[PDB]
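**Q** Can you keep this structure in mind? I'll have questions shortly.
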Amino acid sequence: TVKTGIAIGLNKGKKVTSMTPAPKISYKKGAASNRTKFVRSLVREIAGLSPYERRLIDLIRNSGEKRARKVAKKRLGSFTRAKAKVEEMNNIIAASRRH
Amino acid sequence: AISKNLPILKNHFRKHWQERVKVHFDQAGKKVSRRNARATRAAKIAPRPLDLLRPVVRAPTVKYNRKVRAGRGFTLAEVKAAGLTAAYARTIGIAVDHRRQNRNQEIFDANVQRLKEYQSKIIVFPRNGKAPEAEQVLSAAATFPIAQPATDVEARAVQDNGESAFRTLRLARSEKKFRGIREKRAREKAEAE
Amino acid sequence: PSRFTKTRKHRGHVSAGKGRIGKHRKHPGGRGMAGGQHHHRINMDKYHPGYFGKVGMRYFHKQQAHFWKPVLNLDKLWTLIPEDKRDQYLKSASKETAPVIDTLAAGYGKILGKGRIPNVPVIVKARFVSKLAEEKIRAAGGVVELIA
RNA sequence: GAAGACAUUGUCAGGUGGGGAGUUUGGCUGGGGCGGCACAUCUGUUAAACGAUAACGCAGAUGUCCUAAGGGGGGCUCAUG
RNA sequence: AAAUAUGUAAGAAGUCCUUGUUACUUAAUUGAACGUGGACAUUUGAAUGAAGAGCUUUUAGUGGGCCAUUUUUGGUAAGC
RNA sequence: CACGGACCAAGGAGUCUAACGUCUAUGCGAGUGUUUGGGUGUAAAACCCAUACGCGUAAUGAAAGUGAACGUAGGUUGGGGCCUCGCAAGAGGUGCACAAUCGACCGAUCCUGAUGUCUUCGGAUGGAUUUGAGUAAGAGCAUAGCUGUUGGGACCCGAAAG
RNA sequence: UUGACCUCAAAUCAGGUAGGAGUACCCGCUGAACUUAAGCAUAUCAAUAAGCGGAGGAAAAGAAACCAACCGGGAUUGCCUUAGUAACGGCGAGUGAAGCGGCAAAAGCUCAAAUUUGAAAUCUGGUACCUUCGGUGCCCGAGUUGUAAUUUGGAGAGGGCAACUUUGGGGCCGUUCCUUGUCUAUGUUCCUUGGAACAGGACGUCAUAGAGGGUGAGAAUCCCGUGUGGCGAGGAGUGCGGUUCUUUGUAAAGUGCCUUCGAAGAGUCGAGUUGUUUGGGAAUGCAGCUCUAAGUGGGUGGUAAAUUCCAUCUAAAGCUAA
Numbered sequence: 002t003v004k005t006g007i008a009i010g011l012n013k014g015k016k017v018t019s020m021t022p023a024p025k026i027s028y029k030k031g032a033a034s035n036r037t038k039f040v041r042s043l044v045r046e047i048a049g050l051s052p053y054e055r056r057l058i059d060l061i062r063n064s065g066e067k068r069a070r071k072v073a074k075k076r077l078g079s080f081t082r083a084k085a086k087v088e089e090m091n092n093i094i095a096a097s098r099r100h
Numbered sequence: 002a003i004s005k006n007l008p009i010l011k012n013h014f015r016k017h018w019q020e021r022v023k024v025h026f027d028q029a030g031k032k033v034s035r036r037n038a039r040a041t042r043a044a045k046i047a048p049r050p051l052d053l054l055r056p057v058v059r060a061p062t063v064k065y066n067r068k069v070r071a072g073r074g075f076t077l078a079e080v081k082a083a084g085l086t087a088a089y090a091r092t093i094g095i096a097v098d099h100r101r102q103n104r105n106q107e108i109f110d111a112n113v114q115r116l117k118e119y120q121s122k123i124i125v126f127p128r129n130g131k132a133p134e135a136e137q138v139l140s141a142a143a144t145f146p147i148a149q150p151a152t153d154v155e156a157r158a159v160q161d162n163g164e165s166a167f168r169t170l171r172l173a174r175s176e177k178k179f180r181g182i183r184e185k186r187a188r189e190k191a192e193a194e
Numbered sequence: 002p003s004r005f006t007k008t009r010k011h012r013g014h015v016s017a018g019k020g021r022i023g024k025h026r027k028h029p030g031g032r033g034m035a036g037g038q039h040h041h042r043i044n045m046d047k048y049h050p051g052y053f054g055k056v057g058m059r060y061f062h063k064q065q066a067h068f069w070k071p072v073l074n075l076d077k078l079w080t081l082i083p084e085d086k087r088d089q090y091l092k093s094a095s096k097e098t099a100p101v102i103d104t105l106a107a108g109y110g111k112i113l114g115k116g117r118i119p120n121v122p123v124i125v126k127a128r129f130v131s132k133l134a135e136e137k138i139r140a141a142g143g144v145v146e147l148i149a
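Protein chains in written order, with the entry's author numbering: chain NA, 2 to 100; chain Q, 2 to 194; chain FA, 2 to 149.
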C-alpha cells in the first residue's frame, strides 16, 4: 500500500517502514483439512439431500438457476448463503447426473 | 416555566436520581487505603517494581496517532527478537500481549531496545536460596520512561520546489473523490467493442 | 451564606416578596420547556429563535476524533518556538538555519493565515493548511512540509 | 374401542370484540345552558375633526370569482331625460 | 366649518464661496451625493425651564381594577 | 351581617443540589483550571506534581469543505485625556473606550469561470438591495457572593383519584 | 435353561447434598401508575416501586466472533473525559450512550474436536493398616457410548536432524499476618473560698505523655488511660528467610532447524416476522414462531440493496484475583 505520506488522499497517513505481520493461524479459522473434507463427503451421501433441497435441485432443472436462488434466499438468510448453496447444488448435479 | 433570555438547560433530574447519588467523601480514605494496599503488595512482591515492564506503542485515530503511548504487552515476535520466550517473559515481569501485532519497525526496535535495556537491568534470582540482596525499586515504568521518538532537528535548510502544498492537497482530495468515476470511465472506455 | 440572603430581609414581610395577588403557586406556566409553541412561544421566537425543528443530515455514530483539526493561524505560529530559540532565529533569519516547526506534534491540525509574520525563512510541517496560510509563508521564503 | 394426519397445541394474519381498559368529551357568554360568533377577517358608524379606543353596540361582507374581470395601447363616453 | 387636541421648523451635523471624487446622472463635470480649502460666534439665529444630559445590563411585582369632572354607547333606568 | 383566630409555651414555611444568565470580588492572564490520579503528611487538613482533559484562543456551512491585513489593520463625524501656541478666551496636533457610518477581509448563497488540464476535473480574478451567533494588535479561565432560571419533594400544608 | 446386557425399578440401603434466613450491595426475571407533557393516547416517570427466582465477600464481568480506519490499538472493571454530545423524541416534554485520551488496577488462561492401542495408563466406594484436609495394599464398581497423558489457536501436532538449558517435595525456628496479655513519666506541696477543690494564688514536676474519661465544681501532673516502646500467649501461614530431611529423574519441560500436517462447538449462525427494549435511527439487544447455513468460511465494519474489495476478529463451550 504505502501511505502517500500526507493527511488526505487515497493513502492518507505517515509511511513508516512496513514490517509484514506474523501469519496468525486463527485467520485460517475456516480451515478445510483432508479430514473434514472427506468427513462431510460421507455424511452427505449417508444422510443424503435434505427435502427442501430436493425441491431446490429440481427447481433448477425446471425453471432455472436464477429462480432457484430467489427460493434459496427465501429459505436461508443472506443472499451469499443462497449463491454458495445453489453453486453447491450444481456440484451435486455435475456428479450423479453426468460422471 | 420558560422566562427571560436564559439559555435552554437540559438537566436530567426527572428520575428519582436522589437514590443513585455517590458523594465521594471516601476520596481521601480511598487514596490512603489505595497507597497502603499498594505499599503492602510491594512488601510481599519482594524486590519487583509492582507494575511490570509496559511497552511503547502509538495510540489510534487521526487525533492521537501523533502521541506514542505505553501500550500493553510485547507481541510474541518481539520476545523471540529479544531472545527469551513469552512462557518465561511473564515470570520475569515483562508484560506480554499475544493479540498485539507489529507493522512498524520504528515501534519494533523501540521495544527490542526497550527489552535489551531491561535484560541488562533485571537482577533475577535463581531458585536456590542464596537470594543476593539488591534492594527493591518501586517503579518499572519510572525506570524505563517514554520519550516520543525524535522527529526532526530544530533547524534545517528550506527546500522549496513550487508545489504550493495547498494545491497538492486540493488535488489529492479530487484524486480520491473522483477515483471511482474515473475508474468506471477507464472501464467504460476499455470496453471498445 | 444564607446569612446575606434576601429571605433574611423578607422575614416578617408576609409574602416572602413573591407578591400577594399572584403568590408563588408551584408551576404556573407548566414545567420546564412546557408550552414552547403555545403560551411561551414569544419567549422562544427572540431569545431562542429557530429552536423547534430538524435541519441538516444526521451522521449516525460520529466519532469526534475523526474531526480533530485544531486550527492555528500564523498570528501565533512563532509561539511554537521556545522563548530562547525565537530570539536567535528571528534576528539571524537565513536559509539552512530555518527552524523546523512541527504544528502537529505541537497539538494543531490546520494552519490558517492571520496576523502575518516577520519576513523570515520558516519550515512549517503541518497536517493541512489554508491557501493564504501557505501564501504568507511562501512570501517570507518558507516551505510547507505536509505531514499526517 | 372411537378418532386420524383432521382435530389439538403453538406462531403470525384478517374479522368480531363498551365484556373490559385508558382517555377525551373547546372558548367567549350581563350565571350556566340553548341561540349566536362579538374566535381569523374586511366597509361605514359608534370614535368625542390626528392616531388609538370597548360592549352578545348598530348596518353589512369574506373561506370566493377572474386567462380576463391580469398587463399595455388605441378609439369611445355613461345613467337618465 | 371651528374649539380642544395634533406633525414639523426655529442653524456650526448651519449658511455662503470655491472646486475635488464617481462605476450614478446629464446634450454637457449638466446634476446627485460626498469632500478639500475658505468666510462667518454666541443677540449663533424665539419664549421658558433644565436636582445634570446620554446609555447598557439585569431583575421583582403586576397583567381581577374602581370612582369623579367633562365627552360618550347600550339601556326606562340602575350605586348597571 | 366575608373567612382563621378561646388563651399560653415550644415546634413551623423561598432550602440544598446539577447546570445556567447578570452583576461584583479575587487570582492568573492567551492562557486558565493542583485536589481523576500521583508525591507527601503532624494524615479526611496542609503542601508538591506529570500527563491529559475542560473552556478559551476561529468562524462558517445541511454537509463535502473552505477559513480572517489594499491600507499605519482603513476613510468620515464625535470623542475623554494628552500635546503645542496662548495671561485668558480659545486655536491646531493627537485622538484610546465607546457611538454612528462607508469600506476591506473569512465562511454561506447566487453569478463570473482565467493559466491549466487523465475533457471534466480545476477554480484565478472579478461581481451581488444576498447571508453569518464572524476578523478587523485577542479576553478568557477559575473560585466566592447577591440575584434570577430550570430539573428536582423544590417556600410549608391540602384533593377527588391512578 | 444359566449368566449377561439395556432400561426401569426398589428400599428407615451406604455416604451425601437441597430448602429457610438475611436480602445494603450483586445476578436475572417480572413489572406498574401517580407524575411530566400545563389537556392526553406516543413518550415520560422507568427498562423505577411493588412482585419472583439466585449468589458472594464482593457478585457480575473477564482475555476478544472487541475497538478501530490509526503510523493503529489490544481482557474486564472503576474513575476523570468523551457529553448533556452522536443519536432517539406527538423531532413536543423530554431522553442520550460509544471508540479515542489520563489514571486506578493489572493476570493469565482451559475443554470438545487426534490410533494410549506394544497395551485405560483413569477414578468413586469398601476394607485393613497408617505417618490422615490423605496415603498404601487388596477387593468391588465406574468406565471403551472414552476416564489418563497429549494440543486450545498466542498456536500446536506427527515424522526427521541437531544440540543445549532446567528442577521436586517435607520438618524446625526467625519473619509475615490475625487475635492477644501484661509492664512501661509526671505532686495529691502551701495559703484563700467552699459541703466538696479538680477554682483562685504561690512553688514545683514529667512531658515521643497538655487525647479522653473518672474523682463530691474548668485535674497533664490522683485514678484509668494517653505517649514511647518492651516482653510474653494462642492461631494462621510457608509470602520469605535461614537450616535440616529427601535426589526424587533413561522424569518432564522449554529452545533451534527440515518437512507433511494442523481436526477449532448448528434448530446454531443468519434471515422473515412478532412483541420488546435501547441513544441504535430500513430495525441495539433480547425472546417467541417460522425457515435454517458454511469452511481461504463465518461475524463485524452504526443508511436498507446488488456488485467488487479491504480491515478485522474466530461465535454458537469453560475458569480467573485487583
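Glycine included, each C-beta is placed from N, C-alpha and C at the ideal position.
1) Going by DSSP, what residues sit across from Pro100 of chain FA in a beta bridge?
2) What residues from the region 91-118 of chain FA come within 7 Å of chain Q, judged by C-beta to C-beta, listed N to C?
3) Taking the alpha-carbon positions, what's the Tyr89 of chain Q to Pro146 of chain Q distance?
4) Which partner residues of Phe53 of chain FA appear in the DSSP bridge assignment?
5) Only counting runs of 4 or more residues, tell me where the alpha helix (DSSP H) segments fall wholly within the region 36-87 of chain NA, in order along the chain.
6) Helix, strand or coil: how does DSSP classify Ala71 of chain Q here?
7) Whose C-beta lies closer than 8 Å to the C-beta of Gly37 of chain FA among residues of the same chain, with five residues either side of it excluded?
8) When you compare the CB positions of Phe167 of chain Q and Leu116 of chain Q, do they come within less than 8 Å of one another, or not?
9) Please state whether the Cβ-Cβ distance between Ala173 of chain Q and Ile94 of chain NA is less than 8 Å.
10) Does any residue of chain NA have a CB that is nearer than 8 Å to the CB of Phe126 of chain Q?
11) I'd like to check one pair, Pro56 of chain Q with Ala83 of chain Q: are the Cβ atoms closer than 8 Å?
12) Would you say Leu85 of chain Q lies against chain NA (beta-carbon separation less than 8 Å)?
13) If distances are taken between C-alpha atoms only, which option among Q:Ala141, Q:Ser165, Q:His99 comes closest to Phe129 of chain FA?
14) Do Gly94 of chain Q and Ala141 of chain Q have their CB atoms nearer than 8 Å?
15) I'd like to confirm the pairing. Which residues does DSSP put opposite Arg59 of chain Q in its beta bridges?
16) Give a yes or no on contact between the region 104-115 of chain Q and the region 48-66 of chain Q, applying the rule of three or more CB pairs nearer than 8 Å.
17) For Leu147 of chain FA versus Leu170 of chain Q, is the C-beta distance shorter than 8 Å?
18) Would you tell me roughly how many angstroms separate the C-alpha atoms of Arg157 of chain Q and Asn66 of chain Q, rounded to the nearest one?
19) In the DSSP assignment, find the unbroken beta strand (DSSP E) run with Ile123 of chain Q in it and report its ends.
20) Spatial neighbours of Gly143 of chain FA within its chain, please: C-beta separation below 8 Å, excluding the five flanking residues on both sides.
**A** The structure says:
1) Q:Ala156
2) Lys96, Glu97, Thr98, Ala99, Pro100, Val101, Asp103, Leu105, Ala106
3) 23 Å
4) According to DSSP, which records beta bridges pairwise, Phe53 of chain FA is partnered with nothing at all.
5) 52-64, 66-74
6) strand
7) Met45, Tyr52, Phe53
8) no
9) no
10) no
11) no
12) no
13) Q:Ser165
14) yes
15) Q:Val69
16) yes
17) yes
18) 25 Å
19) From DSSP, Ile123 of chain Q is part of no beta strand (DSSP E); its letter is neither H nor E.
20) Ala99, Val121, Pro122, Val123, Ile124, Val125
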